[PDB]
file start_34.pdb (PDB, C-alpha atoms (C1' of nucleotides) and all ligand atoms)
MODEL        1
ATOM      1  CA  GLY A   1      90.236  64.655 107.342  1.00  0.00           C
ATOM      2  CA  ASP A   2      86.728  65.323 106.038  1.00  0.00           C
ATOM      3  CA  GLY A   3      85.657  67.712 108.789  1.00  0.00           C
ATOM      4  CA  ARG A   4      86.076  71.410 109.532  1.00  0.00           C
ATOM      5  CA  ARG A   5      87.978  72.575 106.439  1.00  0.00           C
ATOM      6  CA  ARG A   6      88.865  75.935 107.967  1.00  0.00           C
ATOM      7  CA  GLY A   7      88.968  77.516 111.414  1.00  0.00           C
ATOM      8  CA  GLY A   8      88.862  80.710 113.455  1.00  0.00           C
ATOM      9  CA  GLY A   9      85.754  82.416 114.800  1.00  0.00           C
ATOM     10  CA  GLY A  10      82.650  81.288 112.947  1.00  0.00           C
ATOM     11  CA  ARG A  11      84.520  80.315 109.797  1.00  0.00           C
ATOM     12  CA  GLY A  12      83.717  77.023 108.069  1.00  0.00           C
ATOM     13  CA  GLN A  13      80.222  75.634 108.724  1.00  0.00           C
ATOM     14  CA  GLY A  14      77.927  73.987 106.175  1.00  0.00           C
TER      15      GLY A  14
ATOM     16  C1'   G B   1      87.844  64.871 113.505  1.00  0.00           C
ATOM     17  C1'   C B   2      89.712  69.653 115.609  1.00  0.00           C
ATOM     18  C1'   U B   3      91.866  74.474 115.605  1.00  0.00           C
ATOM     19  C1'   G B   4      94.441  79.427 114.212  1.00  0.00           C
ATOM     20  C1'   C B   5      94.757  84.186 110.642  1.00  0.00           C
ATOM     21  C1'   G B   6      89.651  90.844 108.411  1.00  0.00           C
ATOM     22  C1'   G B   7      94.156  86.980 105.508  1.00  0.00           C
ATOM     23  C1'   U B   8      89.619  86.962 100.447  1.00  0.00           C
ATOM     24  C1'   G B   9      85.156  89.686  98.052  1.00  0.00           C
ATOM     25  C1'   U B  10      80.527  91.662  91.318  1.00  0.00           C
ATOM     26  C1'   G B  11      81.513  97.037  98.465  1.00  0.00           C
ATOM     27  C1'   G B  12      86.471  94.709 101.211  1.00  0.00           C
ATOM     28  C1'   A B  13      88.855 101.755 100.628  1.00  0.00           C
ATOM     29  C1'   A B  14      86.778 104.674 105.261  1.00  0.00           C
ATOM     30  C1'   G B  15      84.587  97.703 109.466  1.00  0.00           C
ATOM     31  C1'   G B  16      84.541  92.525 112.554  1.00  0.00           C
ATOM     32  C1'   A B  17      85.944  86.414 113.682  1.00  0.00           C
ATOM     33  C1'   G B  18      79.917  86.986 113.331  1.00  0.00           C
ATOM     34  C1'   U B  19      76.823  91.481 119.675  1.00  0.00           C
ATOM     35  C1'   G B  20      74.719  92.563 111.582  1.00  0.00           C
ATOM     36  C1'   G B  21      74.800  87.024 109.487  1.00  0.00           C
ATOM     37  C1'   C B  22      66.876  84.235 108.856  1.00  0.00           C
ATOM     38  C1'   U B  23      69.403  91.721 105.513  1.00  0.00           C
ATOM     39  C1'   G B  24      73.028  89.887 100.897  1.00  0.00           C
ATOM     40  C1'   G B  25      77.323  87.498  98.495  1.00  0.00           C
ATOM     41  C1'   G B  26      77.311  82.614 102.707  1.00  0.00           C
ATOM     42  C1'   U B  27      73.491  76.955 106.355  1.00  0.00           C
ATOM     43  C1'   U B  28      80.256  81.492 107.687  1.00  0.00           C
ATOM     44  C1'   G B  29      81.292  81.084 100.836  1.00  0.00           C
ATOM     45  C1'   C B  30      86.871  81.665  99.374  1.00  0.00           C
ATOM     46  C1'   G B  31      92.320  81.476 100.415  1.00  0.00           C
ATOM     47  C1'   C B  32      96.459  80.312 103.565  1.00  0.00           C
ATOM     48  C1'   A B  33      98.390  77.675 107.851  1.00  0.00           C
ATOM     49  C1'   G B  34      98.572  74.158 112.259  1.00  0.00           C
ATOM     50  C1'   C B  35      97.339  69.383 115.206  1.00  0.00           C
TER      51        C B  35
HETATM   52  K     K A 101      80.129  91.899 105.204  1.00  0.00           K
HETATM   53  K     K A 102      81.827  89.121 105.625  1.00  0.00           K
HETATM   54  K     K A 103      83.910  86.320 105.762  1.00  0.00           K
ENDMDL
END
call {"tool": "encode", "arguments": {"input": "start_34.pdb", "output": "structure tokens", "more": "lines below"}}
Ligand SMILES: [K+]
Ligand SMILES: [K+]
Ligand SMILES: [K+]
result
Amino acid sequence: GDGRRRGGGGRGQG
RNA sequence: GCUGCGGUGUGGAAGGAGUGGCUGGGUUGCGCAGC
């Protein structure tokens, strides 16, 4: 699961 | 691979989910949780 580590709104990019 | 919660702050105590984010911590860092 090496993708979006965290979610919600604009959380977790780069 | 995807998604939820201003829940976290060398401001987080007078705010949000980026209609401030090429103005910073931050190519949205950090923590927790779900598929
Ligand atoms: K801020
Ligand atoms: K912030
Ligand atoms: K933040």
call {"tool": "residues_around", "arguments": {"input": "start_34.pdb", "residues": "residue B:4", "least_positions_apart": "5", "cutoff": "7 Å", "atoms": "all atoms listed in the file", "output": "list in words"}}
result
residues 7 and 8 of chain A; 34 of chain B
call {"tool": "residues_near_ligand", "arguments": {"input": "start_34.pdb", "ligand": "ligand K 102 (chain A)", "cutoff": "9 Å", "atoms": "all atoms listed in the file", "output": "PyMOL selection string"}}
result
chain B and resi 6+9+12+16+18+21+25-26+28
call {"tool": "write_last_selection", "arguments": {"input": "start_34.pdb", "atoms": "C-alpha atoms (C1' of nucleotides)", "output": "PDB file, in the coordinates of the input"}}
result
ATOM      1  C1'   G B   6      89.651  90.844 108.411  1.00  0.00           C
ATOM      2  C1'   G B   9      85.156  89.686  98.052  1.00  0.00           C
ATOM      3  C1'   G B  12      86.471  94.709 101.211  1.00  0.00           C
ATOM      4  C1'   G B  16      84.541  92.525 112.554  1.00  0.00           C
ATOM      5  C1'   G B  18      79.917  86.986 113.331  1.00  0.00           C
ATOM      6  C1'   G B  21      74.800  87.024 109.487  1.00  0.00           C
ATOM      7  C1'   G B  25      77.323  87.498  98.495  1.00  0.00           C
ATOM      8  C1'   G B  26      77.311  82.614 102.707  1.00  0.00           C
ATOM      9  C1'   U B  28      80.256  81.492 107.687  1.00  0.00           C
TER      10        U B  28
END
call {"tool": "resolve_selection", "arguments": {"input": "start_34.pdb", "expression": "the PyMOL selection byres ((chain B) within 9 of (chain A and not hetatm))", "output": "list in words"}}
result
residues 1, 2, 3, 4, 5, 17, 18, 27, 28 and 29 of chain B
call {"tool": "write_last_selection", "arguments": {"input": "start_34.pdb", "atoms": "C-alpha atoms (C1' of nucleotides)", "output": "PDB file, in the frame of the given file"}}
result
ATOM      1  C1'   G B   1      87.844  64.871 113.505  1.00  0.00           C
ATOM      2  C1'   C B   2      89.712  69.653 115.609  1.00  0.00           C
ATOM      3  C1'   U B   3      91.866  74.474 115.605  1.00  0.00           C
ATOM      4  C1'   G B   4      94.441  79.427 114.212  1.00  0.00           C
ATOM      5  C1'   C B   5      94.757  84.186 110.642  1.00  0.00           C
ATOM      6  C1'   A B  17      85.944  86.414 113.682  1.00  0.00           C
ATOM      7  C1'   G B  18      79.917  86.986 113.331  1.00  0.00           C
ATOM      8  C1'   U B  27      73.491  76.955 106.355  1.00  0.00           C
ATOM      9  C1'   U B  28      80.256  81.492 107.687  1.00  0.00           C
ATOM     10  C1'   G B  29      81.292  81.084 100.836  1.00  0.00           C
TER      11        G B  29
END
call {"tool": "axis_aligned_box", "arguments": {"input": "start_34.pdb", "around": "stretch 11-22 of chain B", "padding_each_side": "4 Å", "output": "AutoDock Vina command-line options"}}
result
--center_x 77.9 --center_y 94.5 --center_z 109.1 --size_x 30.0 --size_y 28.4 --size_z 29.2
call {"tool": "build_atoms", "arguments": {"input": "start_34.pdb", "residues": "chain A", "atoms": "N, CA and C atoms", "output": "mmCIF file, in the coordinates of the input"}}
result
data_model
loop_
_atom_site.group_PDB
_atom_site.id
_atom_site.type_symbol
_atom_site.label_atom_id
_atom_site.label_comp_id
_atom_site.auth_asym_id
_atom_site.auth_seq_id
_atom_site.Cartn_x
_atom_site.Cartn_y
_atom_site.Cartn_z
ATOM 1 N N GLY A 1 90.559 63.433 106.626
ATOM 2 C CA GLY A 1 90.236 64.655 107.342
ATOM 3 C C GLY A 1 89.073 65.414 106.729
ATOM 4 N N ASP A 2 87.907 64.771 106.701
ATOM 5 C CA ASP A 2 86.728 65.323 106.038
ATOM 6 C C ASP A 2 85.817 66.077 107.001
ATOM 7 N N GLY A 3 86.408 66.957 107.804
ATOM 8 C CA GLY A 3 85.657 67.712 108.789
ATOM 9 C C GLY A 3 85.725 69.204 108.545
ATOM 10 N N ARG A 4 85.985 69.956 109.609
ATOM 11 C CA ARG A 4 86.076 71.410 109.532
ATOM 12 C C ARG A 4 87.251 71.766 108.621
ATOM 13 N N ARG A 5 86.950 72.306 107.441
ATOM 14 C CA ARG A 5 87.978 72.575 106.439
ATOM 15 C C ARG A 5 88.797 73.824 106.760
ATOM 16 N N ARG A 6 88.322 74.608 107.716
ATOM 17 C CA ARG A 6 88.865 75.935 107.967
ATOM 18 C C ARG A 6 88.405 76.440 109.332
ATOM 19 N N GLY A 7 89.291 77.116 110.058
ATOM 20 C CA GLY A 7 88.968 77.516 111.414
ATOM 21 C C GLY A 7 89.109 78.989 111.747
ATOM 22 N N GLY A 8 88.785 79.335 112.992
ATOM 23 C CA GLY A 8 88.862 80.710 113.455
ATOM 24 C C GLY A 8 87.510 81.398 113.470
ATOM 25 N N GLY A 9 87.070 81.822 114.648
ATOM 26 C CA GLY A 9 85.754 82.416 114.800
ATOM 27 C C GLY A 9 84.637 81.513 114.311
ATOM 28 N N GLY A 10 83.765 82.055 113.468
ATOM 29 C CA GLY A 10 82.650 81.288 112.947
ATOM 30 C C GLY A 10 82.890 80.816 111.526
ATOM 31 N N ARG A 11 84.159 80.753 111.136
ATOM 32 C CA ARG A 11 84.520 80.315 109.797
ATOM 33 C C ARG A 11 84.273 78.818 109.631
ATOM 34 N N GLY A 12 83.817 78.423 108.447
ATOM 35 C CA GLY A 12 83.717 77.023 108.069
ATOM 36 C C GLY A 12 82.620 76.131 108.630
ATOM 37 N N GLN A 13 81.360 76.522 108.444
ATOM 38 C CA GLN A 13 80.222 75.634 108.724
ATOM 39 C C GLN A 13 79.313 75.486 107.503
ATOM 40 N N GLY A 14 78.755 74.291 107.329
ATOM 41 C CA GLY A 14 77.927 73.987 106.175
ATOM 42 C C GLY A 14 78.724 73.944 104.886
#
